[PDB]
Protein chains: 6
Amino acid sequence: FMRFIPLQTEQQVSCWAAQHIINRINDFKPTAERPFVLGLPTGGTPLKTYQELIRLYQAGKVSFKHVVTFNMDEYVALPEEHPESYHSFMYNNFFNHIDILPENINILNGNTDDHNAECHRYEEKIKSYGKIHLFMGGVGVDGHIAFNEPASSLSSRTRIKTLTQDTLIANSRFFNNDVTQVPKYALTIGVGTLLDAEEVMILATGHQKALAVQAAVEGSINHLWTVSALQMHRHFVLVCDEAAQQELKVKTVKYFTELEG
Amino acid sequence: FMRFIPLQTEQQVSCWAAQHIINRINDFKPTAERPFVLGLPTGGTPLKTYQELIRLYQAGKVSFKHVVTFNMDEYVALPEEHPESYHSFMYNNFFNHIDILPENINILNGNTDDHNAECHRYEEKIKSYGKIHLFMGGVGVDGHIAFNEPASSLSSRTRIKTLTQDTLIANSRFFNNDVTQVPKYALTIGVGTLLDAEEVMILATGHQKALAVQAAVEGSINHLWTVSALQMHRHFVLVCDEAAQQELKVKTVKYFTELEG
Amino acid sequence: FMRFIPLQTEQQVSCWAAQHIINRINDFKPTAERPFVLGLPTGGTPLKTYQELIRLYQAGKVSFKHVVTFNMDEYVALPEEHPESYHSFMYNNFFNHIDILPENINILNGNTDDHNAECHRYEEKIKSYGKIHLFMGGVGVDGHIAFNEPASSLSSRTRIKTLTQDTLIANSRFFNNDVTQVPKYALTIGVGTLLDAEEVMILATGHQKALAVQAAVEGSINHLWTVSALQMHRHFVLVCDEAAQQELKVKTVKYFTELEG
Amino acid sequence: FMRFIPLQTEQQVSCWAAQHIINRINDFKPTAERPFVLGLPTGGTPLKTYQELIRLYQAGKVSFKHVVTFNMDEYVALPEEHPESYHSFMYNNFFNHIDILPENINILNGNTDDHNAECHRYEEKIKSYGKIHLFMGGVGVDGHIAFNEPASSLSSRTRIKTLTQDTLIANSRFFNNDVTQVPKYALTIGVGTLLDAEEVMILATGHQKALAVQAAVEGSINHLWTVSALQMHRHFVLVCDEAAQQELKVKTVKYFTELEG
Amino acid sequence: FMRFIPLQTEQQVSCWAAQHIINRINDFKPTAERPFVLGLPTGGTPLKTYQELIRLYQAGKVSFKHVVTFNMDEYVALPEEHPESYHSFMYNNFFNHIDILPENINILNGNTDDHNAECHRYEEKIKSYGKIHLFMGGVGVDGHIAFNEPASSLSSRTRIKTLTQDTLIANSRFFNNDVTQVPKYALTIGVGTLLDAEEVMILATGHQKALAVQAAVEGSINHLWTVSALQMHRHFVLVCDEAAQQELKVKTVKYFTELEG
Amino acid sequence: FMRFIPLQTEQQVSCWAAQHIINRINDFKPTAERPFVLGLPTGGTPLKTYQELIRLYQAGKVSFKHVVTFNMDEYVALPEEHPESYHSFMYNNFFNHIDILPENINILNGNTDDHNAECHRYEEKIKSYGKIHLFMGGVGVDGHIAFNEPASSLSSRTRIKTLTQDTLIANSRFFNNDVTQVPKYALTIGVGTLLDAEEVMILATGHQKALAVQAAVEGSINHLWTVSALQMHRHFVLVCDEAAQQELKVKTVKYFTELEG
């Protein structure tokens with residue numbers, strides 16, 4: 001069944017998420033021949049989690065020497081050494097501070113000569129390892145996942161996507177508030193790619209995600225709220241802060257707070 | 001306009017109600033010529049409030065030597081010394097334990113020769129005092145007030161009412177679970193009579209009152225939920241326990257919890 | 001406050017309305033100096049009601065010798081002896097079969113030299129009688145009243161109105177299915193005119209009126225459903241057939257069906 | 001796919017359910033080697049059906065000499081000869097009045113030394129017969145099935161469950177209205193166990209089940225209403241009384257009333 | 001997954017649908033041994049599309065010399081040469097004006113001696129060709145498909161159906177507005193038959209279809225709205241006019257309007 | 001009753017508002033003895049209107065000589081010459097560029113020795129002129145008006161208000177993104193003060209105001225959405241851009257778009 005973890009502060013969400021990733025890896029006991037495969041996102045709430053994971057690694061609570069990562073997405077036609085590329089985000093905020101092997105980091109390359117070939121290569125790389133064991137991600141204010149469109153097929157695969165006007169505006173702040181400077185296209189994993197993971201953990205902090213949280217927990221599966229499709233996943237975890245609880249009914253928070261005791 | 005007091009336990013609800021009545025009386029400074037006029041109901045939750053008022057009176061925190069009371073209702077064709085009459089409920093559980101003057105207790109007489117004249121005398125008696133300063137009451141699971149029907153006119157007056165099938169069944173527990181023994185009619189104040197008070201305090205405890213609480217706080221005015229009409233009252237107070245908050249949104253409880261402190 | 005009469009067939013709706021008009025007249029005991037003032041509409045369901053009223057008059061159960069009528073509306077620039085005028089509908093189907101005095105029939109004149117002057121004369125005529133005691137009417141699928149727009153001011157008065165595209169289409173069947181032949185304008189009473197009546201009885205038969213009936217009975221007051229504003233009227237009666245109850249909940253019909261019996 | 005049978009009285013509900021069970025058995029024509037497997041619940045609503053089933057047996061309209069029964073649940077650490085055990089409920093109200101073979105009655109044993117082993121033995125016993133042909137059951141006010149929590153996996157199996165505070169409160173009436181006297185744990189079939197039956201008949205009587213019936217018939221599949229998951233079952237039957245129809249739309253009751261007869 | 005094409009006029013809807021059928025056929029490049037298989041409906045909106053298909057054929061933009069058609073339904077016990085039979089509708093409005101081979105026209109025969117045998121023969125004929133490549137259809141005001149009941153199993157097959165009271169009334173206009181003159185039964189494809197097609201194009205024109213469009217586009221899958229089940233189809237296309245958009249939210253139309261351009 | 005003006009761009013919203021203010025003043029023909037009284041707010045969309053009003057003044061299309069203004073609010077314990085004070089906002093962006101007389105500019109003083117006396121003088125000053133002829137304002141994301149709380153009494157008066165946590169965060173961007181630097185309290189007009197104006201024009205631009213616009217146009221009056229109470233105002237105007245329409249139904253936008261043209 002769906003696991004809903006209602007918490008109060010964004011730090012508690014990040015600390016909980018990091019702890020969950022630690023426990024799965026440490027229970028899995030990964031080796032070189034049998035690595036743990038981790039799906040990873042970008043953004044503000046992930047950032048706090050990566051920071052917590054670095055702190056836990058600096059202690060003696062985890063090693064990434066046998067963790068393989070796959071990232072959700074990357075901009076197209078943007079140099080991968082650009083400060084605002086998703087390559088740069090991952091290496092600067094995470095991979096450069098942990099003991100992961102450089103050949104176990106997978107991030108879509110948006111500068112290939114053939115974007116379809118690159119997307120198929122990504123899907124193949126995942127299959128070569130078997131399956132992603134834990135995919136961490138976020139959710140949009142409209143319930144969309146990664147750069148997938150809000151009404152995306154639940155069996156969509158990794159493909160090239162044209163960024164929406166709203167996505168262009170949202171990300172403008174990373175490119176000098178210039179909509180014309182945001183890359184028009186990106187490579188993203190599909191909803192099917194996400195659903196193929198053994199466990200999907202979605203992190204939702206902020207009042208702007210409260211409607212997405214209501215759709216995920218209280219609503220029925222709606223094909224206009226991609227996050228609601230995770231209700232059909234065998235292990236769907238949703239962690240949220242108090243601001244994102246504001247649209248739920250009192251009985252909903254009561255039920256899940258007490259279940260998690 | 002509307003004050004919503006969300007509390008946890010039924011005990012806290014009665015204590016809050018008792019304290020509020022104390023403060024209203026003690027601020028008002030009643031005299032014999034200028035008494036404080038209190039509207040009073042019957043039932044389980046009021047009983048706890050009357051008990052707390054008695055304890056506060058014994059603690060010399062209040063005197064009723066200048067409080068005039070009006071009760072909501074009384075059965076018709078039931079001897080007023082019968083255990084299950086509302087005369088008996090009020091005197092045995094409250095008036096016989098406080099310093100109220102016997103001539104300041106007003107309760108509808110359901111044994112008159114003329115129920116319309118009796119109801120009219122009651123409305124006149126209130127007018128002779130000016131106005132009820134604080135009317136305490138409860139609310140039905142369908143939002144009805146006193147013996148008024150769930151679709152009662154917002155200008156209904158004191159009148160005779162035929163008890164509903166649900167009310168007959170509900171009150172059967174007081175007459176040996178015999179529907180045939182519950183009085184068929186009762187004299188009740190109208191919704192207009194209630195709204196004419198200077199302040200209306202409604203007490204709502206129980207999971208069975210959660211939908212009525214949602215209608216009063218979150219919903220628009222609906223003529224099928226009489227309690228919602230109190231939204232237009234100049235001083236409408238609603239006190240409720242945890243079980244009755246369960247249908248509200250987290251943001252609704254949050255807003256009013258913080259306002260009151 | 002609101003009376004809802006849920007019936008099965010359109011015949012039952014018409015008979016109930018006729019009986020109600022009969023009973024109001026007979027209780028009022030009208031005289032020449034103090035006549036009973038009746039507001040009247042046109043249409044299919046009214047036709048059956050007028051037929052039933054004629055039968056009751058022939059059965060000497062009522063006299064209209066002291067009833068004054070005001071009609072809702074009339075086409076502009078249509079000869080008043082034209083078959084499709086509302087003058088013709090009223091006289092041919094009703095007034096020519098009863099004992100009403102010819103000088104007590106009031107119908108807006110859509111052939112005046114000054115429609116604003118004409119509309120003002122109509123409002124003045126009504127005030128000269130005091131108030132309409134019972135106004136019968138229908139309701140549009142969008143809850144609109146007469147030729148008033150669905151968002152009409154609740155204080156709109158009798159005025160000239162440009163017929164909507166939907167009203168032109170609906171009424172084409174009376175002019176050889178030719179939208180170009182329907183009069184473009186009409187003189188209509190306002191929503192304020194309707195609410196000034198002592199009692200408003202609206203008759204709603206048909207599956208296409210089920211949403212309007214739901215808005216009037218179950219919904220809160222919405223200014224886009226003019227019929228719902230009648231919830232705040234002192235005597236609002238709504239009579240409907242089974243097809244018009246299909247959007248209501250079983251509890252709504254149960255409460256009112258048992259109240260009326 | 002889904003059959004909804006709306007009736008008026010609890011007697012009609014029990015009569016319909018009993019007849020359906022009769023018809024399935026008699027069509028199946030069970031033998032000793034190929035028995036009919038019947039799943040059975042506990043509670044007030046089942047009781048009337050069991051009484052009706054006894055009467056139909058007395059009327060020689062059915063024989064249980066070749067029916068094998070499996071019950072949903074039983075208390076743990078309560079002697080099975082205790083008046084309030086479900087063993088006692090089934091035997092006193094049903095099995096002691098019909099011709100079932102004593103070795104064909106299966107009820108979870110809450111007094112074993114190994115509750116997991118007992119639960120597995122129960123699932124195995126079902127497997128040994130093939131599958132349950134008809135599972136009769138009730139529904140909680142929150143749509144839960146048997147002792148499963150409203151957030152149980154739709155593939156949950158027979159297991160030990162800690163009774164919720166709500167179930168403890170509900171069941172206090174059988175243990176002197178004392179929450180501390182209700183057994184803390186119980187053995188219950190899972191939602192998966194129920195869904196593995198060839199047909200599921202849910203019985204819903206009472207005003208307190210109106211919201212649950214709305215969730216099963218009118219709502220989409222919601223993972224917080226276990227009863228709504230039965231919409232995906234190949235043969236889902238829901239029988240309900242008039243009090244449980246109160247939250248449905250008139251069009252829903254109309255549709256199914258006409259379809260079923 | 002789901003394609004929603006919001007257009008303005010009914011003409012544009014039929015023109016779009018015709019063009020889509022043309023393009024599917026021309027890409028498929030059908031041969032006699034490998035024909036293109038087309039599913040076809042009856043009604044007002046299909047009529048305009050067939051007219052456009054005839055115009056495009058005269059313009060030599062398409063040939064049906066290798067198109068095989070299957071129709072949704074046909075009346076029972078009505079001579080197939082009757083003006084109001086669906087045989088007549090299809091031949092008069094379509095087949096008599098195109099170059100389809102007469103042995104490639106498939107329409108259920110409601111005059112067989114064995115309606116179950118006929119329905120199985122129809123299902124078998126579809127199987128003999130493999131699958132329907134494109135199924136065009138309409139939608140009822142309650143979201144039902146063909147003569148399937150609004151609560152039909154999503155795996156229903158071609159079968160005989162008793163026409164509902166509402167269906168009898170709707171079709172009365174073709175039989176002298178006499179409910180008793182409409183055939184009581186019809187042969188119809190099942191919902192499973194429709195879902196087995198490679199692509200399903202539903203056409204929805206009219207204000208009376210706006211609620212069904214909202215259920216298909218905005219709502220979750222509801223087993224009382226058959227059209228909503230098409231959300232789970234691999235290629236579901238819904239084309240509608242402005243009147244059918246009136247119940248959608250502005251953001252819904254905006255999203256899909258921009259997607260298609 | 002209520003005018004809803006749906007437009008596309010924020011420029012059009014400000015231009016319409018300015019034009020409306022122009023036309024009201026010019027029709028009124030104000031003199032020194034009989035001035036036009038204008039209520040004014042602060043914020044981004046108002047600023048664009050003030051620029052347009054200055055442009056219209058430079059074009060000699062209006063004079064503000066005989067115009068008296070009243071502002072909604074002002075911070076307390078902030079020097080009125082501070083860049084971020086509302087005194088500074090109004091003078092720098094409006095009053096210093098028009099021909100208003102310095103003795104006709106009214107703005108609450110948040111630096112008085114007695115804020116209650118200060119509030120009363122403000123209400124009295126309004127009464128001394130008679131009534132505000134046109135009050136322009138904005139609306140919060142929760143429908144709140146000025147610094148009034150979202151559940152404010154509809155008869156609240158000018159008073160001191162403690163800024164909510166949300167208001168502190170929102171305005172932090174004007175004080176170096178420092179919540180601790182935003183003044184804790186503010187002087188604000190009450191909801192009653194707004195309703196006492198002869199006309200209320202609310203301007204709503206932005207996707208974050210779409211829910212407030214839906215509450216004002218489509219919803220019933222809710223005491224938790226202050227803007228919805230303006231439905232009972234004699235002349236309530238709401239102007240909005242395309243981003244703020246996104247939550248309305250297509251039929252709502254269609255109706256009012258056609259009404260205004």
# chains A, B, ... in the order shown; residues from 1 in each chain; ligands from 1
>>> select_by_dssp(residues="segment 75-128 of chain C", states="alpha helix (DSSP H)", output="compact mmCIF listing (two decimals) with N, CA and C atoms, in the first residue's frame")
# COMPACT_ATOMS: atom_id res chain seq x y z
N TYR C 86 -48.25 36.05 -26.68
CA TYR C 86 -48.65 35.59 -25.35
C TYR C 86 -50.01 36.13 -24.94
N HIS C 87 -50.45 37.25 -25.51
CA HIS C 87 -51.86 37.62 -25.44
C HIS C 87 -52.74 36.47 -25.91
N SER C 88 -52.48 35.98 -27.12
CA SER C 88 -53.28 34.92 -27.71
C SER C 88 -53.25 33.65 -26.86
N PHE C 89 -52.06 33.26 -26.39
CA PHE C 89 -51.94 32.06 -25.57
C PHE C 89 -52.83 32.16 -24.34
N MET C 90 -52.80 33.31 -23.67
CA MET C 90 -53.52 33.46 -22.41
C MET C 90 -55.03 33.48 -22.63
N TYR C 91 -55.50 34.26 -23.60
CA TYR C 91 -56.93 34.35 -23.84
C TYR C 91 -57.49 33.04 -24.39
N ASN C 92 -56.82 32.44 -25.37
CA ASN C 92 -57.36 31.26 -26.03
C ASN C 92 -57.36 30.04 -25.11
N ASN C 93 -56.31 29.88 -24.32
CA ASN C 93 -56.18 28.70 -23.48
C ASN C 93 -56.72 28.90 -22.07
N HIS C 115 -41.48 51.69 -25.18
CA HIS C 115 -41.42 50.46 -24.39
C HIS C 115 -41.01 50.73 -22.95
N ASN C 116 -40.13 51.71 -22.72
CA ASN C 116 -39.75 52.05 -21.36
C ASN C 116 -40.94 52.64 -20.60
N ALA C 117 -41.68 53.55 -21.23
CA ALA C 117 -42.91 54.05 -20.63
C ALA C 117 -43.89 52.91 -20.37
N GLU C 118 -44.00 51.98 -21.32
CA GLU C 118 -44.90 50.85 -21.18
C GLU C 118 -44.50 49.97 -20.00
N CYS C 119 -43.21 49.67 -19.88
CA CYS C 119 -42.73 48.84 -18.78
C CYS C 119 -42.97 49.52 -17.44
N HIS C 120 -42.74 50.84 -17.37
CA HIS C 120 -42.99 51.57 -16.13
C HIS C 120 -44.47 51.57 -15.77
N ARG C 121 -45.36 51.71 -16.76
CA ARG C 121 -46.79 51.63 -16.49
C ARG C 121 -47.15 50.29 -15.86
N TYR C 122 -46.49 49.22 -16.31
CA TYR C 122 -46.76 47.89 -15.79
C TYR C 122 -46.37 47.78 -14.32
N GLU C 123 -45.15 48.21 -13.98
CA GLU C 123 -44.71 48.22 -12.59
C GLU C 123 -45.64 49.08 -11.72
N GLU C 124 -46.06 50.23 -12.25
CA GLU C 124 -46.96 51.10 -11.49
C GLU C 124 -48.31 50.44 -11.26
N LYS C 125 -48.84 49.77 -12.28
CA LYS C 125 -50.10 49.05 -12.15
C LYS C 125 -50.05 48.02 -11.03
N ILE C 126 -48.93 47.29 -10.93
CA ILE C 126 -48.78 46.28 -9.88
C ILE C 126 -48.79 46.94 -8.50
N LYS C 127 -47.99 48.00 -8.33
CA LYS C 127 -47.96 48.71 -7.05
C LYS C 127 -49.33 49.24 -6.67
N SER C 128 -50.12 49.65 -7.66
CA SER C 128 -51.44 50.20 -7.39
C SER C 128 -52.35 49.17 -6.74
>>> select_by_dssp(residues="segment 166-256 of chain A", states="strand (DSSP E)", output="list in words")
residues 185, 186, 187, 188, 200, 201, 202, 203, 204, 236, 237, 238, 239 and 240 of chain A
>>> write_last_selection(atoms="N, CA and C atoms", output="CSV table (one decimal), in the first residue's frame")
chain,number,residue,atom,x,y,z
A,185,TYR,N,14.5,22.4,-25.2
A,185,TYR,CA,14.2,20.9,-25.2
A,185,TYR,C,15.0,20.3,-24.0
A,186,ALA,N,14.6,19.1,-23.7
A,186,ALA,CA,15.3,18.3,-22.6
A,186,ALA,C,15.0,16.8,-22.9
A,187,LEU,N,15.9,16.0,-22.4
A,187,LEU,CA,15.8,14.5,-22.4
A,187,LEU,C,15.3,14.1,-21.0
A,188,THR,N,14.2,13.3,-21.0
A,188,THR,CA,13.6,13.0,-19.7
A,188,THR,C,13.2,11.5,-19.7
A,200,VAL,N,9.4,3.9,-5.5
A,200,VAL,CA,9.3,5.3,-5.9
A,200,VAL,C,9.0,6.1,-4.7
A,201,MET,N,10.0,7.0,-4.3
A,201,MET,CA,9.8,7.9,-3.2
A,201,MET,C,9.7,9.4,-3.8
A,202,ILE,N,8.6,10.0,-3.6
A,202,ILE,CA,8.3,11.4,-4.0
A,202,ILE,C,8.4,12.3,-2.8
A,203,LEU,N,9.1,13.4,-3.0
A,203,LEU,CA,9.3,14.4,-1.9
A,203,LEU,C,8.5,15.7,-2.3
A,204,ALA,N,7.7,16.2,-1.4
A,204,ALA,CA,6.9,17.3,-1.6
A,204,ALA,C,6.9,18.3,-0.5
A,236,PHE,N,4.9,2.8,-3.3
A,236,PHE,CA,4.9,4.3,-3.5
A,236,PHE,C,5.0,5.0,-2.1
A,237,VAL,N,6.0,5.8,-1.9
A,237,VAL,CA,6.3,6.5,-0.7
A,237,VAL,C,6.1,8.0,-1.1
A,238,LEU,N,5.4,8.8,-0.3
A,238,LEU,CA,5.2,10.2,-0.4
A,238,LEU,C,5.5,10.9,0.9
A,239,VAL,N,6.6,11.7,1.0
A,239,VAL,CA,7.0,12.4,2.2
A,239,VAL,C,6.7,13.9,1.9
A,240,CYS,N,6.1,14.6,2.9
A,240,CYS,CA,5.8,16.0,2.7
A,240,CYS,C,5.9,16.7,4.0
>>> interface_residues(of="chain D", to="chain A", cutoff="8 Å", atoms="only C-alpha atoms", output="list in words")
residues 151, 152, 153, 154, 220, 221, 222, 223 and 224 of chain D
>>> atom_distance(atom1="atom CA of residue 196 of chain A", atom2="atom CA of residue 40 of chain A")
14.3 Å
>>> residues_around(residues="residue 168 of chain F", least_positions_apart="2", cutoff="12 Å", atoms="only C-alpha atoms", output="PDB file with N, CA, C and O atoms, in the first residue's frame")
ATOM      1  N   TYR F  75       1.827  50.768   6.691  1.00  0.00           N
ATOM      2  CA  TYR F  75       2.540  50.102   7.771  1.00  0.00           C
ATOM      3  C   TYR F  75       2.592  50.996   9.006  1.00  0.00           C
ATOM      4  O   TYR F  75       2.591  52.226   8.910  1.00  0.00           O
ATOM      5  N   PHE F 147      -5.317  44.413   4.415  1.00  0.00           N
ATOM      6  CA  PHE F 147      -4.730  43.638   5.501  1.00  0.00           C
ATOM      7  C   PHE F 147      -5.770  42.944   6.370  1.00  0.00           C
ATOM      8  O   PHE F 147      -5.436  42.508   7.475  1.00  0.00           O
ATOM      9  N   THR F 162      -2.493  42.744  13.104  1.00  0.00           N
ATOM     10  CA  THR F 162      -1.213  42.048  13.175  1.00  0.00           C
ATOM     11  C   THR F 162      -1.027  41.221  11.907  1.00  0.00           C
ATOM     12  O   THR F 162      -1.863  40.369  11.591  1.00  0.00           O
ATOM     13  N   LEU F 163       0.061  41.479  11.185  1.00  0.00           N
ATOM     14  CA  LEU F 163       0.291  40.793   9.921  1.00  0.00           C
ATOM     15  C   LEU F 163       0.467  39.295  10.136  1.00  0.00           C
ATOM     16  O   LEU F 163       1.162  38.856  11.057  1.00  0.00           O
ATOM     17  N   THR F 164      -0.170  38.514   9.270  1.00  0.00           N
ATOM     18  CA  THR F 164      -0.069  37.065   9.326  1.00  0.00           C
ATOM     19  C   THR F 164       1.308  36.609   8.853  1.00  0.00           C
ATOM     20  O   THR F 164       2.043  37.343   8.185  1.00  0.00           O
ATOM     21  N   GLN F 165       1.665  35.381   9.239  1.00  0.00           N
ATOM     22  CA  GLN F 165       2.914  34.784   8.774  1.00  0.00           C
ATOM     23  C   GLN F 165       3.009  34.803   7.252  1.00  0.00           C
ATOM     24  O   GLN F 165       4.086  35.043   6.690  1.00  0.00           O
ATOM     25  N   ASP F 166       1.891  34.552   6.567  1.00  0.00           N
ATOM     26  CA  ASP F 166       1.896  34.572   5.109  1.00  0.00           C
ATOM     27  C   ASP F 166       2.155  35.975   4.574  1.00  0.00           C
ATOM     28  O   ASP F 166       2.907  36.146   3.607  1.00  0.00           O
ATOM     29  N   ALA F 170       5.257  37.078   2.204  1.00  0.00           N
ATOM     30  CA  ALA F 170       4.978  37.722   0.921  1.00  0.00           C
ATOM     31  C   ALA F 170       5.723  39.044   0.773  1.00  0.00           C
ATOM     32  O   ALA F 170       6.355  39.303  -0.258  1.00  0.00           O
ATOM     33  N   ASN F 171       5.666  39.893   1.797  1.00  0.00           N
ATOM     34  CA  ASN F 171       6.272  41.217   1.725  1.00  0.00           C
ATOM     35  C   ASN F 171       7.758  41.212   2.055  1.00  0.00           C
ATOM     36  O   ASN F 171       8.387  42.276   2.005  1.00  0.00           O
ATOM     37  N   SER F 172       8.330  40.053   2.397  1.00  0.00           N
ATOM     38  CA  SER F 172       9.753  39.986   2.716  1.00  0.00           C
ATOM     39  C   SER F 172      10.617  40.475   1.562  1.00  0.00           C
ATOM     40  O   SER F 172      11.689  41.044   1.792  1.00  0.00           O
ATOM     41  N   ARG F 173      10.167  40.272   0.321  1.00  0.00           N
ATOM     42  CA  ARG F 173      10.966  40.652  -0.840  1.00  0.00           C
ATOM     43  C   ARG F 173      11.230  42.151  -0.896  1.00  0.00           C
ATOM     44  O   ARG F 173      12.204  42.576  -1.527  1.00  0.00           O
ATOM     45  N   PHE F 174      10.389  42.958  -0.248  1.00  0.00           N
ATOM     46  CA  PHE F 174      10.578  44.400  -0.181  1.00  0.00           C
ATOM     47  C   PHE F 174      11.498  44.828   0.952  1.00  0.00           C
ATOM     48  O   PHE F 174      11.860  46.007   1.025  1.00  0.00           O
ATOM     49  N   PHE F 175      11.887  43.908   1.829  1.00  0.00           N
ATOM     50  CA  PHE F 175      12.752  44.194   2.969  1.00  0.00           C
ATOM     51  C   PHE F 175      13.918  43.212   3.001  1.00  0.00           C
ATOM     52  O   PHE F 175      14.241  42.615   4.031  1.00  0.00           O
ATOM     53  N   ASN F 177      14.363  40.239   1.598  1.00  0.00           N
ATOM     54  CA  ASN F 177      13.977  38.845   1.850  1.00  0.00           C
ATOM     55  C   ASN F 177      14.200  38.463   3.313  1.00  0.00           C
ATOM     56  O   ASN F 177      14.664  37.365   3.631  1.00  0.00           O
ATOM     57  N   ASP F 178      13.867  39.387   4.212  1.00  0.00           N
ATOM     58  CA  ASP F 178      14.050  39.215   5.649  1.00  0.00           C
ATOM     59  C   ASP F 178      12.693  39.353   6.328  1.00  0.00           C
ATOM     60  O   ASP F 178      12.163  40.464   6.448  1.00  0.00           O
ATOM     61  N   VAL F 179      12.124  38.222   6.756  1.00  0.00           N
ATOM     62  CA  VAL F 179      10.834  38.240   7.441  1.00  0.00           C
ATOM     63  C   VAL F 179      10.900  39.093   8.704  1.00  0.00           C
ATOM     64  O   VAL F 179       9.925  39.765   9.065  1.00  0.00           O
ATOM     65  N   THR F 180      12.048  39.093   9.388  1.00  0.00           N
ATOM     66  CA  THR F 180      12.195  39.850  10.627  1.00  0.00           C
ATOM     67  C   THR F 180      12.205  41.358  10.403  1.00  0.00           C
ATOM     68  O   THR F 180      12.016  42.114  11.362  1.00  0.00           O
ATOM     69  N   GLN F 181      12.412  41.813   9.168  1.00  0.00           N
ATOM     70  CA  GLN F 181      12.493  43.237   8.877  1.00  0.00           C
ATOM     71  C   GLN F 181      11.161  43.831   8.441  1.00  0.00           C
ATOM     72  O   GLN F 181      11.036  45.059   8.385  1.00  0.00           O
ATOM     73  N   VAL F 182      10.175  43.000   8.140  1.00  0.00           N
ATOM     74  CA  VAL F 182       8.849  43.492   7.762  1.00  0.00           C
ATOM     75  C   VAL F 182       8.127  43.970   9.018  1.00  0.00           C
ATOM     76  O   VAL F 182       8.143  43.260  10.037  1.00  0.00           O
ATOM     77  N   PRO F 183       7.514  45.155   8.998  1.00  0.00           N
ATOM     78  CA  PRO F 183       6.753  45.621  10.162  1.00  0.00           C
ATOM     79  C   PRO F 183       5.721  44.594  10.611  1.00  0.00           C
ATOM     80  O   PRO F 183       5.033  43.976   9.795  1.00  0.00           O
ATOM     81  N   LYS F 184       5.620  44.412  11.930  1.00  0.00           N
ATOM     82  CA  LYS F 184       4.756  43.366  12.468  1.00  0.00           C
ATOM     83  C   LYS F 184       3.281  43.724  12.351  1.00  0.00           C
ATOM     84  O   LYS F 184       2.438  42.827  12.243  1.00  0.00           O
ATOM     85  N   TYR F 185       2.949  45.011  12.369  1.00  0.00           N
ATOM     86  CA  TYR F 185       1.564  45.455  12.385  1.00  0.00           C
ATOM     87  C   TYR F 185       1.333  46.445  11.252  1.00  0.00           C
ATOM     88  O   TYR F 185       2.276  46.987  10.669  1.00  0.00           O
ATOM     89  N   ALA F 186       0.058  46.676  10.947  1.00  0.00           N
ATOM     90  CA  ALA F 186      -0.309  47.608   9.895  1.00  0.00           C
ATOM     91  C   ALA F 186      -1.665  48.223  10.204  1.00  0.00           C
ATOM     92  O   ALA F 186      -2.476  47.663  10.946  1.00  0.00           O
TER      93      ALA F 186
END
>>> residues_around(residues="segment 97-114 of chain D", least_positions_apart="3", cutoff="7 Å", atoms="only C-alpha atoms", output="JSON, numbers by chain")
{"D": [54, 57, 63, 64, 65, 67, 68, 69, 70, 71, 73, 74, 75, 76, 77, 87, 94, 117, 118, 122, 187]}
>>> residues_around(residues="residue 189 of chain A", least_positions_apart="2", cutoff="8 Å", atoms="only C-alpha atoms", output="JSON, numbers by chain")
{"A": [72, 73, 146, 147, 148, 157, 158, 159, 187, 191, 193, 194]}
>>> residues_around(residues="segment 7-11 of chain A", least_positions_apart="3", cutoff="8 Å", atoms="only C-alpha atoms", output="list in words")
residues 14, 15, 45, 48, 205, 239, 240, 241, 242 and 243 of chain A
